[PDB]
Amino acid sequence: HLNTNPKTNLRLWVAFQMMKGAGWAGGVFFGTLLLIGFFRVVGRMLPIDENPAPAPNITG
Amino acid sequence: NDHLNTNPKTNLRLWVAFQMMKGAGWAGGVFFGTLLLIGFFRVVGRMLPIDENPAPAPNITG
Amino acid sequence: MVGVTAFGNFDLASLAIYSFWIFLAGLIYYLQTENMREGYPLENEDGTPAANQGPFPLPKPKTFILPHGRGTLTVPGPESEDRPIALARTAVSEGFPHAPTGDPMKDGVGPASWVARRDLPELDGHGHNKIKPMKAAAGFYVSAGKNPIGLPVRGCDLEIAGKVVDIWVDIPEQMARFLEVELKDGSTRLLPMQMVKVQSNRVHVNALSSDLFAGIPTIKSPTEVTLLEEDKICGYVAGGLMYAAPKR
Amino acid sequence: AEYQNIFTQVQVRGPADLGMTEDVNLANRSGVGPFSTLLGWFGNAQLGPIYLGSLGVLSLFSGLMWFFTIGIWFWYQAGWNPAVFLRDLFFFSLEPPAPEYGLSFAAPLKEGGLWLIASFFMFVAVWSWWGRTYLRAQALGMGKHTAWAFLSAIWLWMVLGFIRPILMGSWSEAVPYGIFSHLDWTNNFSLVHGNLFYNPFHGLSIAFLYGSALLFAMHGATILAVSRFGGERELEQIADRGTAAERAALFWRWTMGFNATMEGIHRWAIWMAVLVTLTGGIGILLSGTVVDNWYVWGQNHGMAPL
Amino acid sequence: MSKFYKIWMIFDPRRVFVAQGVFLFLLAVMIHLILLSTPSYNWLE
Amino acid sequence: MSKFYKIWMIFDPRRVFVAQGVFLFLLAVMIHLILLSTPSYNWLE
Amino acid sequence: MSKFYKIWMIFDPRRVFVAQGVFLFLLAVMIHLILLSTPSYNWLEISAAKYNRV
Amino acid sequence: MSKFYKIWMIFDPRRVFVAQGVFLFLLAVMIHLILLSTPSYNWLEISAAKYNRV
Amino acid sequence: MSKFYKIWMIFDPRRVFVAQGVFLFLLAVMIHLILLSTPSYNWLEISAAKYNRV
Amino acid sequence: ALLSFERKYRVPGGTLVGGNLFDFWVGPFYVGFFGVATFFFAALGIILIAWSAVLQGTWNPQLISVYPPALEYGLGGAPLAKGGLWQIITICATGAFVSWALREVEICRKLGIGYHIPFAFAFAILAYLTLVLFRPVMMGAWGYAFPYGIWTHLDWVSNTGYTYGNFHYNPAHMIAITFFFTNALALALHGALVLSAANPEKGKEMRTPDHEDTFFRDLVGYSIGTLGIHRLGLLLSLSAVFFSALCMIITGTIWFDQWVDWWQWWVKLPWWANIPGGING
Amino acid sequence: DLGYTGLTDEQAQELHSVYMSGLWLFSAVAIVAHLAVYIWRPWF
Amino acid sequence: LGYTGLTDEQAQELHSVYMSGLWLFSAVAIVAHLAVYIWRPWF
Amino acid sequence: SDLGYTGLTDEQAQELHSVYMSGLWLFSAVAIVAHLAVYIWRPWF
Amino acid sequence: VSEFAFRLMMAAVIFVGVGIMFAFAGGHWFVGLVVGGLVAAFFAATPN
Ligand code: BCL
Ligand SMILES: CC[C@H]1c2cc3[nH]c4c(c3C)C(=O)[C@H](C(=O)OC)c4c3nc(cc4[nH]c(cc(n2)[C@@H]1C)c(C(C)=O)c4C)[C@@H](C)[C@@H]3CCC(=O)OC/C=C(\C)CCC[C@H](C)CCC[C@H](C)CCCC(C)C
Ligand SMILES: COC(C)(C)C/C=C/C(C)=C/C=C/C(C)=C/C=C/C(C)=C/C=C/C=C(C)/C=C/C=C(\C)CC/C=C(\C)CCC=C(C)C
Ligand SMILES: COC(C)(C)C/C=C/C(C)=C/C=C/C(C)=C/C=C/C(C)=C/C=C/C=C(C)/C=C/C=C(\C)CC/C=C(\C)CCC=C(C)C
Ligand SMILES: COC(C)(C)C/C=C/C(C)=C/C=C/C(C)=C/C=C/C(C)=C/C=C/C=C(C)/C=C/C=C(\C)CC/C=C(\C)CCC=C(C)C
Ligand SMILES: COC(C)(C)C/C=C/C(C)=C/C=C/C(C)=C/C=C/C(C)=C/C=C/C=C(C)/C=C/C=C(\C)CC/C=C(\C)CCC=C(C)C
Ligand SMILES: COC(C)(C)C/C=C/C(C)=C/C=C/C(C)=C/C=C/C(C)=C/C=C/C=C(C)/C=C/C=C(\C)CC/C=C(\C)CCC=C(C)C
Ligand SMILES: COC(C)(C)C/C=C/C(C)=C/C=C/C(C)=C/C=C/C(C)=C/C=C\C=C(C)\C=C\C=C(/C)CC/C=C(\C)CCC=C(C)C
Ligand SMILES: CCCCCCCCCCCCO[C@@H]1O[C@H](CO)[C@@H](O[C@H]2O[C@H](CO)[C@@H](O)[C@H](O)[C@H]2O)[C@H](O)[C@H]1O
Ligand SMILES: CCCCCCCCCCCCO[C@@H]1O[C@H](CO)[C@@H](O[C@H]2O[C@H](CO)[C@@H](O)[C@H](O)[C@H]2O)[C@H](O)[C@H]1O
Ligand SMILES: [Fe+3]
């Protein structure tokens, strides 16, 4: 009910929209990174690395 | 965006974020000014014959 | 070398250092008590004496004899702010600001506060008015620096409020104390020189806006100014830094 | 900008003030000298009159003899060469006699006797000047505070040049009359007595010197901050307390928790200043006569690891 | 740069700001990872 | 607990938000400097 | 303890709240730094040596 | 014993409460520090020794 | 002896009470410190000797 | 409790940060935003000094010391036991001093007075930073700073002063010392003069600024005036601190040898450099 | 009630809801960064 | 009673909310302490 | 003013002292419990 | 910027310049420093 002047609110609105876009993109990227980390965690927890599978592909 | 907007909830969120941004930006400005000042003193020390005439330790390590 | 110790490692140097600790404690006690001759005893925010008065007792009274029969001032003694202080406490508990009830710049509270000093002029060692306008003084002239007479006076809102007419100077000090300023209505207000920025083409005043110079207190005489008037003028002028702020 | 009242922006000049006269003997008084605009940008531009009584003229004559004696010896060290005299002026020295003479006056003039003569001159000059300050306070009916404040520095001076050499039994201990000679005397005094930093009275003297600087920064800043309320007129604020005195008191009341008055801050000031030389004289007196190694003494009294 | 304001006669800003924020953040992440990939700047060793 | 909103009935939010902003930035700078000083975490090599 | 709310009949909440906040954060930093000073509880060095990062 | 409430006829309870709080906290800190300075009671290294966390 | 109460007719109770309280605390701390400095009365070191904690 | 004249000044306003959140007085103290900050920093610094005492193994107040990191750490971090506690306490001390200055700024605004006091305090703060920030960084090591002990910081002073011979030959040091000594002399004179005027011989009338002008003109043929003496005191103290920070900003950064050799440039002036006779001829 | 700040109950409720929404968002962002860093280089 | 200008109902509500915060804070601290003690017990 | 320099009454003082004694005893009991726990853990006698 | 302030900055810069010039020309830095200080002081003391 007190707020600020409309001119600063315009900068605030623009920055809020940009931050919402960046925030969703960051949420997607960090969800993927956390999923990769979860698979890394379960892989380290597993008896893997006592059985290193050979390279399926030539170096290339 | 300026004449229609969406809701006063957006204005309240923007105002709260603006206030916290003011605080964090004053903190950032003072911190970065300190960093600039120390960088200036260090770079002035770089171009001086110090490190060619080093001085011994003025106090024991402790 | 008398390096002999009476006991333990207590030599003459130890005697000296402990003697100085004792003397310093006594001296700090004396200095603190000599500085409790104003504003004591402490009072509650309602004006009654407070429960706590500090570990230091009040000193014995001392009497000053003012040079020109102005009377004997004994300090410490009874004290009272003999003026209508217009403030209301914002909180029931102690230690909170007292809000002004009215216009603080006019009531003389906060940064605009003034003290009910004696309503008599300031007398030099010759028994004459210490401060008098340039005309009243005989032979005094602007010896150096800018001469701020006839210059426009620009308030903090950047609008002219008047023109400088005369300077009030100090007789035994030869210091320029006050500027006399005339407004649109032809009346004169005094300005302390510590608040004016005397430029080359104007005499700026950051303390007061243009529509406040008429609110400056006036003087009963146009040649003599008393301590009460000086205090009122200075308090009003310095109060504009906080209160005349919203108008740039 | 906002004016800070560090320089007067407008100067005013009037009749020459010849001062007051409570019991002053007008005969010895001088006449007003010139007026200094440059120096008037900072304070009173008037110079003179100067009172020249009987202790005053005694002090002037003795100080003239002391300074002139040092000057003649400096010329002698120069080979009477003006170019050398202006080249080695700082490095000159009217040194005291070497320790083998002890306290004896039987020292050759070139070997410290001239130092004895100049020291007599300066002793007489300074003591007559102290009497002068006391008498000038007496004539105007004022308190003798300046006389005692001077006596503090006089005691440090007497310890450095007179009392400590007598106690040590040789004039060789005293300070030479040279620019870098007395600097070297200071550094060598510290080195001989083993880190004068661990002299407790040297530490106290430094505490009160730092305190004098702190206290005068505080007081000058305070009075300039309330000069807009006529804070400069400290005597009238004592007699008739104004808003300047109350605002100055309340600033420090709200900052530190305690405050002074317009009169008692000057009690603080004078004591903070005189304790410098009082503790310094005590510390120099104890050095050598009582303690010859201050760091070992410190070790024995806390103050330093064993 | 004067006339570039007419760009908001073409595209609705309420969506353009979101799209641009996404773009710039993803560009930042790409550059960060590219510096990570080279061995002379990988700050996460 | 569901009465924590009353903290705003005592403190003016206009100032508490600025206070929190400066506090959080200082605390973040603090922990970053603590980590950078650690040999095992000094990511700026 | 049932009548400890009377502590608010002595102290205005505004000053007590800021005093308590300063006190608590001071104590928290105090204890964290105490632990970070001793070699037994410096978690940074514990994790460095456990994972052989030196 | 049963008439010590009269102490609040002499001292303002606000002053005394603040003074006592400061004094109690400082005393507790100084006793904790006294204990933590002596190797016999420094619980951090006591635990480090009892668990071979050195 | 049985007319010692009249001391309160000549001394303000508040200042005397605070002065005697601070005096008592300072004396108590000084005596505890003198004892703690002396090895024969440092109860911490005595307890360590009894239980061979070093 | 308040002084007999305090109440008319205890009004809201003048606060830089907040405005009513931290606008109150605890006892005589004005607590602001910066009051809270300075209390926190000071309490942390004191507690950490005591903690470093127990880590050092001493409870002698005159033996407690908190040393900075060694020269090997350069301008980097350090473990708390080695030099980290000193770095944290330097952070706390800098924060406390700055918060104190800004709290003084708030008090000045609330009382409607000039800002001379916080400015003069900023001078001391910058001298402190010259000793703990500017000189170490220009030198490249936090071990060039001083420890936080009563007598060990004098050890720092002595070792630094003898790293360059007799420090008395630093000329910025000379002007700073002259300023300090004349400032002490000025303070003695000012206190004595005001006390002599306010306290007459015995049972007679108080004196006037003209009377003290008269006394000092009859003494030394001059008087600077009551505004001039306070100007002079502030200037002497601030310039003493300035040339102190100057003598320790050029030392070990511009001049590296014994400072006495500086004074050789004057005695080797070619016109009289090679004249026989005198001290150096 | 107390009204030290001139805020009605509903205004305080609305502002507090906005503040706690932002608080939870910030806390979640920090938690995600903390887990990512812990996986990359744990401190335990 | 007397100073602070508060009522018993206002004081009761204020203490109730303050105790809610107190117990929430204390519980979070307790869970943190137990986790640390599991990680590196000090007794 | 032995009837109360602080302006309290003998009724308010009674209640204040009762609540303060309650708090002091609660604090002291907590301290006793902590003292005994440490004394079991490592007695100082 | 007051007349005195402009005169002060000009005095500083002219002092630096003439000091450099007379240090190279005069055979030593002392001569240049003395000449620069003298001229700059005589310039700054005189008003406009
Ligand atoms: C390496 C050298 C030693 C050291 C060796 C000494 C020695 C030796 C002495 C001091 C003394 C002092 N030291 Mg030390 N000091 C050291 C390091 C320091 C440091 C520092 C940061 O390191 C500081 C701040 C100080 C500070 C001080 C002062 C507090 C004190 C001087 C008081 C004074 O103002 O006398 C100045 C005033 C006078 C000497 C009296 C002058 C007044 C009389 C009346 C003169 C008359 C004037 C005459 C009539 C006319 C004048 C001539 C005209 C003007 C031309 N020292 C180191 C450790 N120091 C002095 C002292 O007393 O301390 C115990 C002293 O003797
Ligand atoms: C509290 C300790 C501090 C202190 C205090 C202090 N000093 C004091 C006083 C006080 C309270 C005085 O009252 C006294 C004084 O008069 O001050 C102006 C003084 C004084 N402190 C002085 C100096 C001084 N104080 C110093 C230090 C200190 N003084 C401490 C820091 C130092 C240092 C640091 O070394 C010095 C150099 C003097 C200015 C003065 C004492 C003057 C005095 O005794 O003079 C005697 C004269 C001589 C021995 C030589 C005179 C040389 C002349 C060239 C003679 C010829 C004159 C000529 C003929 C004049 C012609 C005039 C006509 C043309 C009109
Ligand atoms: C493998 O091959 C390699 C890479 C080795 C080499 C081969 C490279 C090849 C094949 C390169 C091909 C390059 C080409 C074809 C590049 C073309 C580049 C062009 C056309 C770039 C154009 C840039 C134009 C810009 C950025 C224009 C911006 C214009 C505006 C922003 C206009 C503003 C409009 C507004 C404001 C609204 C308009 C509305 C009104 C009402 C005015
Ligand atoms: C070097 O020497 C060492 C340190 C080793 C040994 C020396 C040790 C020494 C000298 C120790 C001294 C210890 C002393 C004297 C300790 C005294 C401690 C006391 C008295 C602690 C008291 C604590 C009291 C508390 C925690 C009470 C809290 C009460 C409340 C929270 C209730 C609030 C009361 C209200 C609200 C009153 C209601 C009022 C109305 C109007 C309804
Ligand atoms: C380095 O040198 C050494 C220390 C080795 C040797 C030197 C020793 C020296 C110089 C020793 C000097 C000793 C001296 C001078 C001792 C003097 C002792 C005196 C005069 C003691 C007097 C004591 C008086 C006492 C304890 C009185 C106590 C009174 C009361 C407890 C009653 C309180 C008064 C009341 C209640 C009056 C109130 C009644 C009404 C109606 C107001
Ligand atoms: C020295 O000590 C060390 C570091 C060694 C260890 C000790 C560490 C300690 C004790 C650290 C203490 C940490 C504490 C107590 C941290 C406290 C953090 C808190 C309470 C943070 C609260 C944050 C609340 C936030 C960020 C709320 C933000 C809300 C808004 C910005 C509302 C507007 C925004 C909305 C609604 C959505 C987003 C939209 C925009 C435009 C941002
Ligand atoms: C070196 O020595 C060491 C540190 C090792 C050992 C020393 C240890 C010592 C001495 C430790 C001391 C510990 C103490 C005394 C800890 C005390 C902790 C306390 C009392 C914590 C209190 C926490 C309280 C909290 C978190 C309060 C939350 C309160 C609220 C959220 C208030 C709610 C009120 C609102 C929202 C507005 C109310 C308004 C209306 C109208 C109802
Ligand atoms: C062109 O030049 C002419 C010839 C015209 C004049 C120039 C003269 C010059 C250049 C003079 C230079 C003077 C200087 C540089 C003097 C330096 C003096 C310094 C630095 C003194 C420092 C300390 C001096 C002290 C502490 C002296 C203390 C003396 C006493 C306390 C009195 C001593 C009294 C004694 C020894 C006993 C006296 C009693 C009898 C019976 C002899
Ligand atoms: C501080 C103001 C009040 C001063 C105290 C009032 C009495 C004034 C005279 C007291 C002088 C005696 O004071 C006492 O001197 C002896 C002399 O060995 C000191 O001696 C003690 O400590 C020193 C230094 O660690 C040890 O080397 C020595 O073995 C030990 O006896 C005491 O630490 C001191 O407390
Ligand atoms: C800011 C005012 C002062 C400015 C000082 C600036 C730093 C120095 C600037 C001048 C530097 C060069 O100035 C010049 O250097 C040469 C160096 O050989 C010196 O000159 C000296 O050697 C040269 C040959 O080289 C001879 O011709 C000359 O007779 C001799 O005096 C002098 O020092 C000066 O004539
Ligand atoms: Fe003064």
Side-chain angles (χ1 to χ4, degrees), chain B residues 40-41 43-53, chain D residues 37-39 41 74-75 77-92 179-180 183, chain J residues 138 164-165 168-176 178-179 239 242-243 245-281, chain N:
Chain B
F40 171 74
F41 280 115
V43 74
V44 171
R46 291 280 180 77
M47 46 186 301
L48 281 188
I50 337 169
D51 302 287
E52 294 214 42
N53 310 93
Chain D
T37 280
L38 169 71
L39 166 146
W41 295 120
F74 281 12
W75 282 109
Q77 294 184 261
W80 317 101
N81 179 8
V84 168
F85 173 84
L86 285 201
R87 188 230 309 176
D88 293 351
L89 179 58
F90 286 170
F91 303 76
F92 286 154
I179 291 296
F180 297 164
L183 263 322
Chain J
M138 196 177 294
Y164 309 88
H168 284 164
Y169 294 92
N170 187 333
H173 201 266
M174 283 192 184
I175 59 190
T178 285
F179 277 157
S239 45
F242 178 72
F243 287 151
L246 191 63
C247 89
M248 287 294 300
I249 199 62
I250 71 183
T251 301
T253 56
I254 292 293
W255 185 278
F256 306 94
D257 324 331
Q258 322 301 88
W259 273 99
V260 53
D261 303 334
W262 195 80
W263 298 98
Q264 291 305 305
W265 76 257
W266 172 269
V267 306
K268 58 161 276 312
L269 291 184
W271 28 101
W272 59 33
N274 313 306
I275 299 187
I279 300 292
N280 315 330
Chain N
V1 188
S2 176
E3 173 268 328
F4 189 29
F6 194 88
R7 202 171 189 83
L8 283 178
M9 286 295 158
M10 292 305 300
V13 297
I14 196 176
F15 140 81
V16 166
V18 305
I20 289 282
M21 189 57 206
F22 279 73
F24 202 94
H28 199 251
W29 62 277
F30 160 75
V31 175
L33 211 160
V34 146
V35 167
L38 183 75
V39 298
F42 166 76
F43 170 61
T46 294
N48 283 125

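Note that these values count all heavy atoms, side chains included, but never hydrogens, waters or copies made by symmetry. So you know, we letter chains A, B, ... as the sequences are listed, proteins then strands, and number each from 1.
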query = For J:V260, what residues pass the side-chain contact (heavy atoms from CB on, under 4.5 Å) criterion, not counting sequence neighbours?
reply = J:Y169, J:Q258

query = If every non-hydrogen atom of J:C247 is compared with every non-hydrogen atom of J:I250, which pair is closest and at what distance?
reply = O-CG1, 3.8 Å

request  = Kindly state each residue pair satisfying ring pair (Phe, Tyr, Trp, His ring centres under 6.0 Å) with at least one member in residues 29-48 of chain N, sequence neighbours excluded.
outcome  = J:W265-N:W29, J:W265-N:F30, J:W266-N:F30

message = Measuring only between side-chain heavy atoms, which start at C-beta, is D:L89 closer than 4.5 Å to D:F74?
response = yes

key: Flag side-chain contact, heavy atom, 4.5 Å: J:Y164 against J:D257   = no

Note, D:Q77 side chain near D:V84 side chain (heavy atom, < 4.5 Å) = no

Can you give the donor-acceptor pairs under 3.5 Å from side chains of residues 33-40 of chain N to other protein atoms, not counting sequence neighbours?
none

request  = Give a yes or no on whether N:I14 atom CD1 has more than 12 heavy-atom contacts from other residues, nucleotides or ligands under 6.0 Å away.
outcome  = no

note = Tightest non-hydrogen contact, residues N:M10 and N:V13, listed as O-CG2, 3.1 Å

ask   = For J:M174, what residues pass the side-chain contact (heavy atoms from CB on, under 4.5 Å) criterion, not counting sequence neighbours?
value = D:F180, J:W263

message = Hydrogens and angles aside, do J:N280 and D:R87 bring a side-chain donor and acceptor to less than 3.5 Å of each other?
response = no

task = Taking side-chain contact (heavy atoms from CB on, under 4.5 Å) as the test, write out the residues that go with B:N53, two or more places apart.
result = B:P49, J:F256

J:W255 and J:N170: CA distance, side-chain angles, deciding distance, side-chain contact (heavy atoms from CB on, under 4.5 Å) verdict = CA-CA 9 Å; J:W255 185 278; J:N170 187 333; over 6 Å; no

inquiry  = Are more than 12 heavy atoms, taken from residues, nucleotides or ligands other than N:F22, located less than 6.0 Å from that residue's CZ atom?
reply    = no

ask   = Does some side-chain heavy atom of J:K268 sit less than 4.5 Å from a side-chain heavy atom of N:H28?
value = yes

key: side-chain contact (heavy atoms from CB on, under 4.5 Å) assessment of N:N48 paired with N:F6   = CA-CA 11 Å; N:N48 283 125; N:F6 194 88; over 6 Å; no

Minimum heavy-atom distance D:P82-D:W75, with the two atoms named = CA-CZ3, 3.6 Å

Student check: side-chain heavy atoms of D:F92 and J:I279 closer than 4.5 Å = yes

key: Non-hydrogen side-chain atoms of J:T253 and B:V44 separated by less than 4.5 Å   = no

ask   = For D:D88 and J:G281, which heavy atoms make the closest approach, and how far apart are they?
value = OD2-N, 4.1 Å

request  = Answer yes or no: is there a side-chain heavy-atom contact under 4.5 Å between N:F4 and N:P47?
outcome  = no

request  = List the steps and the verdict of side-chain contact (heavy atoms from CB on, under 4.5 Å) for B:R46 and B:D51.
outcome  = CA-CA 8 Å; B:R46 291 280 180 77; B:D51 302 287; over 6 Å; no

key: side-chain contact (heavy atoms from CB on, under 4.5 Å) partners for N:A23, two or more places apart   = none

